There are 2 protein chains.
Amino acid sequence: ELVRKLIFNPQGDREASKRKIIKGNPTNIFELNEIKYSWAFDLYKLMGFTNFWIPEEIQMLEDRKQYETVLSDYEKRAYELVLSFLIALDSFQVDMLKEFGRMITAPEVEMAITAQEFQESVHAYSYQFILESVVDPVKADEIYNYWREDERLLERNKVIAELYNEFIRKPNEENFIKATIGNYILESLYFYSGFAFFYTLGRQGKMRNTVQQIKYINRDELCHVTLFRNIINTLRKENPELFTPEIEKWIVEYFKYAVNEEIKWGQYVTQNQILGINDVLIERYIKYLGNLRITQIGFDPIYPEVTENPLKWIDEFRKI
Amino acid sequence: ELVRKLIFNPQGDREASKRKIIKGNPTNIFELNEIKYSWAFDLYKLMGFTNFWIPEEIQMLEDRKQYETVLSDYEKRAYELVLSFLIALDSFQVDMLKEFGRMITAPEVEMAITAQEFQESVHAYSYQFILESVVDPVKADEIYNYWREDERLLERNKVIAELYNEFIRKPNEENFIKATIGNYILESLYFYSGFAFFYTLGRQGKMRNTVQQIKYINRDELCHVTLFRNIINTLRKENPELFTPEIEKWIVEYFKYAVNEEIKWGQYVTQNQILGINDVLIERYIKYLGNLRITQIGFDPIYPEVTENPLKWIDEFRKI
Ligand SMILES: [Fe+3]
Ligand SMILES: [Fe+3]
């Protein structure tokens, strides 16, 4: 079991050089005059100060009209499904990041995760503002609760939980790597059917207010992916005993599964009824994301057939 | 034992009205369209958006000079002791607030605590910036590590930990109320010898840069005290079985002890060698704070002899 560190360890190492992501021997004073993990402190500053944003300073005068009239029945169904799921995801994230933060022994990394946890809270605030602004009170509740109706949404949610619940029940080193990899996958993939969709509506001038909110959320998710990419790669070097062949295998499995499921969710939401998104065009996106993120944490591409981002336009569109 | 909630509960209550601070039955989706605890959501917005601040946007060109020359040997000793302790406190806070947040079943309250945890991270950043700006690299390390030299500081730290460690080891309902009350006390009292001191130097135009940083930190601590005052009072109404006479007694004890110790720390730091602070004038401050905060959580004044703030000038000086 990963023994959760005492609030203060007077027998703790003074040398910042002796810090470890996990299983270190810190004082648990945030001795930030010496930083071992420069990327953790930089990412704290970027998430906490540089990229700071206020969801209510984004004006939402247009979208309530476009929803009521201009949007098709299929476009409203998607909007509902995507926002319901992203509300689920960010909710799981604010809660699970408290688990990671309390197990990590490097103060600069703990700081980066506190900043991440806060950004996840701002997202929860952004979605509440989107629904308060765009739709009516009953519809807003319905969207928050759309897992209660839709089995493909409910199962999406129970699945993401299960992997996080393994670590909470059995807080061992194996279930920590799993939970960490799951966090990276959730941040890597599970936002991007949703992001691609909203950026599609925005390409033809639909829900450009919601899309503004999304650009800010998506800027945050890149930093989060960047934070956990560094954490996984640093855990490789510092704890190679934990990356057994059984784990190295399991990582490739879940990543392939996750790419598969995100694609299908992308298809169940759109269904070729959205002017810009094809059931095929979803694949080449999620497949390119999978390769990008799994190779970035030191693996072989899991879909070598794909070696090009189909939606390259996004990278310029998403920008602020 | 307070069973830490699963990541997702499909058997969770839909009705925001059924939420509890602890031992509720939530879905753990942040259903923020309905808010039971209006004060929690307001405080989130105030801490997260309204009161947002960047420590590095405060200029620190003056204090490095005033430290090197203008400051007495006693004034430098105090500066060192106070900052070392506040670094300890805010470090304990970022870590312990992850414990509270993961045990609380009301999403709006969990949100407020995430915002609090983030503000605690910004304080850790502020102190690192103060020491990077004001003093030299060896002195900066020495101040971070001044518990290693000074037994009155080391014991101050081990004591605050012990009460938080009780709950982490034995996460039962009794040790939760204790930890919660300890958090309120730490936020109520333990900052204010430090704040009074810095605001004293600032009254005679000493370390006005450090004092700017402190005003922002102190604005945050008022919201934190306000957040946990509401949490304790809501816990009284919702869980009166937990406020046994044994607990109601223990609360009055620790609060009197805490007022006593903060006063002494105030005296060990200053020692009547600081132009504005008397060993007596410390008492009437901490005694007035004690009464203010313990009555605000529904108790009888613990020092009826005192019924006036000696340093009323602070309330206008601390303002931004
Ligand atoms: Fe995220
Ligand atoms: Fe605080």
Side-chain angles (χ1 to χ4, degrees), chain A residues 30 43 46-47 51 85-98 100-101 112-127 160 164 180 182-192 194-195 214 216-229 231 293, chain B residues 30 43 46-47 51 85-98 100-101 112-127 160 164 180 182-192 194-195 214 216-229 231 293:
Chain A
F30 283 39
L43 280 167
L46 184 59
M47 285 194 274
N51 287 358
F85 183 54
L86 300 196
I87 286 165
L89 286 205
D90 278 324
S91 292
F92 299 150
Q93 285 310 96
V94 288
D95 197 50
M96 196 54 182
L97 285 166
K98 286 189 271 283
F100 293 117
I113 284 162
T114 300
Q116 188 166 338
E117 185 196 335
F118 175 68
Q119 289 205 324
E120 294 300 293
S121 79
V122 175
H123 300 178
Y125 196 85
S126 176
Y127 302 134
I160 282 169
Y164 283 171
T180 303
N183 183 99
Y184 184 57
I185 283 164
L186 180 154
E187 293 166 332
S188 286
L189 299 183
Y190 290 174
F191 280 95
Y192 283 91
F195 291 171
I214 288 291
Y216 278 103
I217 290 168
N218 170 202
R219 183 175 61 169
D220 291 347
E221 289 319 315
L222 297 179
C223 294
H224 302 185
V225 163
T226 298
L227 178 65
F228 269 81
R229 188 247 292 151
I231 291 166
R293 301 306 177 195
Chain B
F30 283 39
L43 280 167
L46 184 59
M47 285 194 274
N51 287 358
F85 183 54
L86 300 196
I87 286 165
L89 286 205
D90 278 324
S91 292
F92 299 150
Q93 285 310 96
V94 288
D95 197 50
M96 196 54 182
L97 285 166
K98 286 189 271 283
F100 293 117
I113 284 162
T114 300
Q116 188 166 338
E117 185 196 335
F118 175 68
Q119 289 205 324
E120 294 300 293
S121 79
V122 175
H123 300 178
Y125 196 85
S126 176
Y127 302 134
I160 282 169
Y164 283 171
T180 303
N183 183 99
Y184 184 57
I185 283 164
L186 180 154
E187 293 166 332
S188 286
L189 299 183
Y190 290 174
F191 280 95
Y192 283 91
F195 291 171
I214 288 291
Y216 278 103
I217 290 168
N218 170 202
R219 183 175 61 169
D220 291 347
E221 289 319 315
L222 297 179
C223 294
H224 302 185
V225 163
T226 298
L227 178 65
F228 269 81
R229 188 247 292 151
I231 291 166
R293 301 306 177 195

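Within every chain, numbering begins at 1; the chains are lettered A, B, ... in the order of the sequence lines, protein sequences first and strands thereafter. In each ligand, atom 1 is the first atom listed, and ligand 1 is the first ligand listed.
For the Fe ion (ligand 1), the set of nearby N, O or S atoms under 2.8 Å includes none belonging to A/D90. The nearest N, O or S atom of B/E120 is closer to the Fe ion (ligand 2) than 2.8 Å. When distances to the Fe ion (ligand 2) are checked against a cut-off of 2.8 Å, B/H224 contributes an N, O or S atom below that limit.
Considering OG1 of A/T180 and CZ of A/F100, their distance stands at 4.5 Å, rounded to 0.5 Å. A distance of 5.0 Å separates CE of B/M47 from CG of B/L227, quoted to the nearest 0.5 Å.
Contacts of B/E117 classified as salt bridge (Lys or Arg N to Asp or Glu O under 4.0 Å), with partners at least two apart in sequence or in another chain: B/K98. A search for side-chain contact (heavy atoms from CB on, under 4.5 Å) contacts involving A/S91 returns A/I87, B/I29, B/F30, not counting sequence neighbours.
Nearest N, O or S atom of B/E221 to the Fe ion (ligand 2): atom OE1.
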